[PDB]
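First to last, the sequence lines map onto chains B and A.
Mapping the first sequence onto the authors' numbering, position 320 (from 1) lands on 321, and the numbers just tick up by one.
Mapping the second sequence onto the authors' numbering, position 351 (from 1) lands on 352, and the numbers just tick up by one.
Ideal Cβ placement from N, Cα and C applies to all residues, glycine included.
These notes are about the structure you will find just below.
2 protein chains.
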Amino acid sequence: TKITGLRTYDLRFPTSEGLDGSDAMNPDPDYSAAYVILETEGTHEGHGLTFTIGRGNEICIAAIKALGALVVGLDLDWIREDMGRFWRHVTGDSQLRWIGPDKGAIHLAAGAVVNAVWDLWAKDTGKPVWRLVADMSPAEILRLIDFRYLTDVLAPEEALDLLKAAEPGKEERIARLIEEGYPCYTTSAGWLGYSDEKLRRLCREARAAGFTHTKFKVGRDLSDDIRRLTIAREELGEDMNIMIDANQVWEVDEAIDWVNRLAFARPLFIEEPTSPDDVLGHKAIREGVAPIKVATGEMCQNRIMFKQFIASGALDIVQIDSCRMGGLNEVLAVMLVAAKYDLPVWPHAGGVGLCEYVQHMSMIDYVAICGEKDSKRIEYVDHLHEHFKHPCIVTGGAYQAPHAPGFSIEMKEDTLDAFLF
Amino acid sequence: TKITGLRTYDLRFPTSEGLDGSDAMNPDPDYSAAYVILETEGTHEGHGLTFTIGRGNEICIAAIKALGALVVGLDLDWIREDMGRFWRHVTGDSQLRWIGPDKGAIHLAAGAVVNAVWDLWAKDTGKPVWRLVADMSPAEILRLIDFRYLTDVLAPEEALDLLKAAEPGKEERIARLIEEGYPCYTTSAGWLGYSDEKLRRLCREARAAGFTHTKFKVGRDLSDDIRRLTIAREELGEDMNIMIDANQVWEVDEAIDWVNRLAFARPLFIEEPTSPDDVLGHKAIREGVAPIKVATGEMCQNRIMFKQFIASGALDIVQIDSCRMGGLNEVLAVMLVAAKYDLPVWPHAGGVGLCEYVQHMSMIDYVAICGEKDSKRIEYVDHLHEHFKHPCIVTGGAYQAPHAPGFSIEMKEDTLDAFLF
Ligand SMILES: O=C(NO)[C@H](O)[C@H](O)CO
Ligand SMILES: O=C(NO)[C@H](O)[C@H](O)CO
Ligand SMILES: [Mg+2]
Ligand SMILES: [Mg+2]
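In structure tokens, the structure reads:
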């Protein structure tokens, strides 16, 4: 098996029509995917994407094509033999690095390409990605990871120790995952553009469906936020766990004041109270709003930023995203850093296929990394699943473990045509 | 004056022929510019660029084209009446933000576009950019800056105090600048790929020319670094200040050992000992290599990262880049933060026309912000200046202050054709 070529698709979805996805920073996102297919001589092709919200998708497409120079011609076996090495290779063109390094368009693109390789690998061995990785030995998992710029906080040796400690009880955890699935929260009732009436109805739906955790957007208007959360609490009941998300809009002092004003709602955490680059700022906010926790990560650019968020105690909840960074391999590195510091990972999802991606990632985290899932929640959003050949399945507040070979991200063929920008 | 259109040029220079620019991370860079021209109804056009090293320049081109949607159709007076507002506007399309925010391709592109506007403004009023800004009252300069995500360490009120304090001495400093220029160091002798013979010759030339500070590449091979720095000290003499640059290649523990091993050479500082995102890492390296100083910043993505580097005391020398970030306005913000913490700013230069840019920026810093230049050094490199209509002029180890209208970045027409990729 050789990667013999690649195709790209600038796919954009009219989510702004009903303001699905709307928040304090992004009032009218058009959920989009910079989509890549890695060609082989064989029966399988590697599908992958990275998520954007409309304009700018074509920049990610440009970056994917640039990265293709590094991937077309590779033997899949050379990749599998040491994927950490492949990861260094694909993020290691010094000239392409200049455009980053490991941030912005070039890293979004790497997420798509790297995950497409995983899709191909999984399809070839006949396993869903979560099982492909979960079945690996500690050394095999360790080999997937490029540790460059991590070693002062988590060196390979300490990562290997964590992996070995998790190894006993994988089989039992795999069985448990099959029986129970992995718990998730819903953001579906929370988009900032929704009318109060729509908020009420969707809160009731979320409660009826069996979700125990629900997330709501805040951050544009304090009066609106107080009203909305009061209404949300009314419909949801006192037992429901509520979280809130400001989407980066606040200054540090502003964040502290505003969150504390929403304390009556008993939010578990505030997500992204400020810029996703501001480690020290998140830490300041964290101290100022305790016992309300702080979550961030959906735009955290790479493992180097995550390691500083985690090591400095700037956050309570680590929200990795499946394709913001360099795909699965870098996510795994961050999950290991989080495990060292005993911080829970609650992945960002929704978007286009992000649920499809992160379901696998958390399941690896549960089976082979930290061994705990019950107190955690993967994000879930009920948008755009009809475009996927193997959509995530969620019922009673939990993702069912994927069965199909691959990374669950492959779209129906018609979608690749109808939504081409 | 109205911005009526824009043209882009993917310009790439074969600098890898002689390994000019070569370092431990980037063995064969091809100095490139994603170049932009803003068209108007009148007689001036706004020229700007952002700098890359070859492959990936086309991603910046795509990002510039994307930003064009925010700039084409704008009236220049609207921009001029509140530059901070324009800056927020150009970096604040929430969809284009997703591709960053304020990092990677989209922000490199912002640097080009923002600086091109400055070029147009400066041409319209008939002044070099440095003097255009220097002639401004403190309130007018404050107005240039978008302070979002800065207010926890520098809020507009305190930035104005800094600016007002520098106010009375401006006239004297301008006279002094006209008289003395602004001191600069040279990297012309330091590229890692040069032979020892060429190293000797360039060291002798740098010494004869009157530079008091000279920078050398290190970090690929310890034995090479020891020999080369021994040669450099021999050729440059004891009075010369030698600095070294590792271009991000090391882990924290590795950086400390390697730098300390070069202590015999008396390096003033180590530049980019590790990843440009690792604030806490630079701080640890800084503690480990004392008294050798730490410099970083040429790839520092934005004001938010710089703010943290500075406030946490993670570096000794702040190396802003003219077009890595959102152009002049964001640089001025960082310079004000630096002034608060009394950290010197020594801008990164070389590349394609970076010298031509940063000369203006440091002179603004001298005249209107921190009021001190004698102890500092702007980077200078003698490459590619023949492509510019008004190239920088260096003699006796000092930049002559620009005197022609504009930002000194406009290239000769023949170059725009001859070097199109
Ligand atoms: O913040 C988010 N989820 O938590 C979304 O990515 C954002 O609101 C865009 O729809
Ligand atoms: O590091 C640098 N100057 O300090 C250069 O940008 C780099 O070496 C690329 O030529
Ligand atoms: Mg969010
Ligand atoms: Mg450098």
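Report task. Tell me, please, whether the CB atom of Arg-56(A) is closer than 8 Å to any CB atom in chain B? Result -> By one-based count along the second sequence, residue 56(A) stands at place 55. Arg-56(A) counts as touching chain B.
Report task. Mind listing, in chain order, the continuous alpha helix (DSSP H) runs of no fewer than 4 residues lying wholly within the region 48-122 of chain A? Result -> Runs of alpha helix (DSSP H) with 4 or more residues, each lying fully within the region 48-122 of chain A, are found at 58-72, 77-82, 84-92 and 95-99, listed in chain order.
Query raised in the report: Under 8 Å, do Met-336(A) and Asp-278(B) count as touching if we go by C-beta distance?
Result: In the second sequence, the residue the question calls residue 336(A) occupies position 335. In the first sequence, the residue the question calls residue 278(B) occupies position 277. Result no, Cβ atoms of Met-336(A) and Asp-278(B) do not sit closer than 8 Å.
Report task. Determine the DSSP secondary structure at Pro-268(B), reduced to helix, strand or coil. Result -> Counting from 1 along the first sequence, the entry for residue 268(B) is found at position 267. DSSP places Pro-268(B) within a strand segment (E or B) once states are collapsed to three.
Query raised in the report: Beta-carbon of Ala-315(A) versus every beta-carbon of chain B: anything under 8 Å?
Result: Against the second sequence, residue 315(A) aligns to sequence position 314. For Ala-315(A), the closest Cβ of chain B is not nearer than 8 Å.
Report task. Could you tell me whether the Cβ atoms of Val-382(A) and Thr-187(A) are closer together than 8 Å? Result -> Within the second sequence, numbered from 1, the residue matching residue 382(A) stands at position 381. Within the second sequence, numbered from 1, the residue matching residue 187(A) stands at position 186. It is a contact, given that the beta carbons lie within the stated cut-off.
**Report entry** beta-carbon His-349(A) near ligand 4 non-hydrogen atom, thresh 7 Å
**Finding:** Within the second sequence, numbered from 1, the residue matching residue 349(A) stands at position 348. Taking 7 Å as the cut-off, one finds at least one heavy atom of ligand 4 near enough to the beta carbon of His-349(A).
Query raised in the report: Does any CB atom of chain B fall closer than 8 Å to the CB of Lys-104(A)?
Result: Stepping through the second sequence from its first residue, residue 104(A) is reached at position 103. By this cut-off, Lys-104(A) is an interface position.
Query raised in the report: Is the closest heavy atom of ligand 2 to the C-beta of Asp-24(A) under 7 Å?
Result: Position 23 of the second sequence, counted from the start, is the residue given in the question as residue 24(A). The answer is yes for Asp-24(A).
Query raised in the report: Can we count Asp-317(B) as close to ligand 3, meaning its CB is less than 7 Å from some heavy atom?
Result: Counting from one through the first sequence, the residue named residue 317(B) turns up at place 316. Every heavy atom of ligand 3 is 7 Å or more from the Cβ of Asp-317(B), so no.
Query raised in the report: Is the CB of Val-295(A) under 8 Å away from at least one CB in chain B?
Result: By 1-based counting over the second sequence, the position of residue 295(A) is 294. For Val-295(A), no CB of chain B lies under 8 Å from its own CB, so it is not counted at the interface with that chain.
Query - Contact set between the region 269-282 of chain A and chain B, restricted to residues whose Cβ is under 8 Å from the partner - result: Listed by position, the residues of the region 269-282 of chain A near chain B (Cβ gap below 8 Å) are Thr-275, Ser-276, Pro-277, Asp-278, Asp-279, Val-280, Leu-281 and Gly-282.
Report task. With 9 Å as the limit, tell me which residues of the region 37-67 of chain B have their beta carbon closer than that to any beta carbon of chain A; keep them in chain order. Result -> Along the region 37-67 of chain B, going in chain order, the ones with a CB nearer than 9 Å to a CB of chain A are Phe-52, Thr-53, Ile-54, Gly-55, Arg-56, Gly-57, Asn-58, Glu-59, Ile-60, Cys-61, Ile-62, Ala-63, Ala-64, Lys-66 and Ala-67.
Requested in this report: With a cut-off of 8 Å on the beta carbons, I'd call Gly-85(A) and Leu-178(A) a contact; round off their distance for me.
Outcome: The residue given as residue 85(A) occupies position 84 in the second sequence. The residue given as residue 178(A) occupies position 177 in the second sequence. Their Cβ separation, rounded to whole angstroms, is 26 Å, which puts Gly-85(A) and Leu-178(A) out of contact at 8 Å.
Report task. To the nearest angstrom, report how far apart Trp-88(A) and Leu-121(B) are at their CA atoms. Result -> To locate residue 88(A), count along the second sequence from 1; it is residue 87. To locate residue 121(B), count along the first sequence from 1; it is residue 120. Roughly 43 Å between the two C-alpha positions.
Query raised in the report: Using the beta-carbon of each residue, which ones in chain B are nearer than 7 Å to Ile-305(A)?
Result: Reading the second sequence from its first residue, position 304 is the one you call residue 305(A). In chain order: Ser-276, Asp-278 and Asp-279.
Requested in this report: Figure out for me which residue from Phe-265(B), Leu-71(B), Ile-293(B) and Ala-266(B) has the closest Cα to the Cα of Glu-272(B).
Outcome: As a first step, residue 272(B) must be located in the first sequence, where it is residue number 271. For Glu-272(B), the nearest C-alpha among the options comes from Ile-293(B).
Requested in this report: Quick one: using the 10 Å Cβ neighbour count with 16 as the cut-off for buried, is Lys-218(A) buried or exposed?
Outcome: Here residue 218(A) refers to the residue found at position 217 of the second sequence. Under this definition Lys-218(A) is a buried residue.
**Report entry** Contacts around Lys-308(A), its chain only, beta-carbon distance under 7 Å, and the 5 residues preceding and following it disregarded
**Finding:** What you label residue 308(A) is simply residue 307 of the second sequence in a count that begins at 1. Non-local beta-carbon contacts of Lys-308(A) in its own chain, meaning distances under 7 Å to residues more than five positions away in sequence, involve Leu-151, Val-154 and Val-338 in chain order.
Requested in this report: Would you list the residues sitting across from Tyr-186(B) in a DSSP beta bridge?
Outcome: The residue labelled residue 186(B) in the question sits at position 185 within the first sequence. Its beta-bridge partners are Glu-380(B).
Query raised in the report: In terms of alpha-carbon separation, which member of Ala-296(B), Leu-263(B) and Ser-409(B) lies closest to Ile-318(B)?
Result: The count along the first sequence starts at 1 and reaches residue 318(B) at position 317. Out of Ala-296(B), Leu-263(B) and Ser-409(B), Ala-296(B) has the C-alpha closest to the C-alpha of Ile-318(B).
Query raised in the report: Any Cβ of chain A within less than 8 Å of the Cβ of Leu-143(B)?
Result: Your numbering for residue 143(B) matches position 142 in the first sequence. For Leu-143(B), the answer is no, since every Cβ of chain A falls outside 8 Å of its Cβ.
Query - Proximal chain B residues relative to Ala-291(A), where beta-carbon distance stays under 7 Å - result: Taking the second sequence and counting its residues from 1, the one referred to as residue 291(A) is at position 290. Neighbourhood of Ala-291(A) in chain B, by CB distance below 7 Å: empty, with the nearest CB roughly 17 Å away.
Query raised in the report: Can you round the beta-carbon distance between residue 438(B) and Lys-104(B) to whole angstroms, since I take them to be within the 8 Å contact cut?
Result: Because chain B is modelled from 2 through 422, residue 438(B) falls outside the range shown and cannot be assessed.
Query - Residue-chain proximity (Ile-100(A), chain B), Cβ-Cβ < 8 Å - result: Taking the second sequence and counting its residues from 1, the one referred to as residue 100(A) is at position 99. Yes, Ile-100(A) lies at the interface with chain B (some Cβ there is under 8 Å from its Cβ).
**Report entry** Assigned secondary structure, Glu-414(B) (DSSP; H/G/I helix, E/B strand, else coil)
**Finding:** The residue labelled residue 414(B) in the question sits at position 413 within the first sequence. Judged by DSSP in its simplified three-state form, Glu-414(B) adopts helix.
Query raised in the report: Listing by chain order, which chain A residues have their CB less than 9 Å from the CB of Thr-152(B)?
Result: Translated into the one-based positions of the first sequence, residue 152(B) becomes position 151. What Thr-152(B) touches in chain A: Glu-252, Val-253, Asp-254 and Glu-255.
Query - Span of the alpha helix (DSSP H), counted from its first residue to its last, around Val-253(A) - result: Here residue 253(A) is taken as the residue at index 252 of the second sequence, counted from 1. For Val-253(A), the enclosing alpha helix (DSSP H) starts and ends at 253-262.
Query raised in the report: Using 8 Å as the limit for Cβ to Cβ distance, is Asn-261(B) near chain A?
Result: Position 260 of the first sequence, counted from the first residue, corresponds to residue 261(B). Judged by the 8 Å Cβ criterion, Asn-261(B) is not in contact with chain A.
Query raised in the report: Can you round the beta-carbon distance between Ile-311(A) and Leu-344(A) to whole angstroms, since I take them to be within the 8 Å contact cut?
Result: Position 310 of the second sequence, counting from 1, holds the residue named residue 311(A). Position 343 of the second sequence, counting from 1, holds the residue named residue 344(A). Contact between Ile-311(A) and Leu-344(A) holds: their C-beta atoms lie close to 6 Å from each other, under 8 Å.
**Report entry** Minimum length 4: unbroken alpha helix (DSSP H) runs contained in the region 159-203 of chain B
**Finding:** You should have 171-181.
Query - Coarse secondary structure for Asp-343(A), derived from DSSP in three states - result: As a working note, residue 343(A) is residue 342 in the second sequence. In this structure, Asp-343(A) counts as coil in the three-state DSSP scheme.
Query raised in the report: How is the beta strand (DSSP E) around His-214(A) delimited, first residue to last?
Result: Position 213 of the second sequence, counted from the start, is the residue given in the question as residue 214(A). Taken as a continuous stretch (DSSP letters only), the beta strand (DSSP E) holding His-214(A) covers 214-218.
Query - C-beta contact flag for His-283(B) and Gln-320(B) at 8 Å - result: Position 282 of the first sequence, counted from the start, is the residue given in the question as residue 283(B). Position 319 of the first sequence, counted from the start, is the residue given in the question as residue 320(B). Contact annotation: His-283(B) and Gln-320(B) have beta-carbon atoms that are not nearer than 8 Å.
**Report entry** Residue of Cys-371(B), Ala-113(B), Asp-11(B) and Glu-82(B) minimising C-alpha distance to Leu-39(B)
**Finding:** Numbered from its first residue, the first sequence carries residue 39(B) at position 38. Here the closest residue by C-alpha is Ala-113(B).
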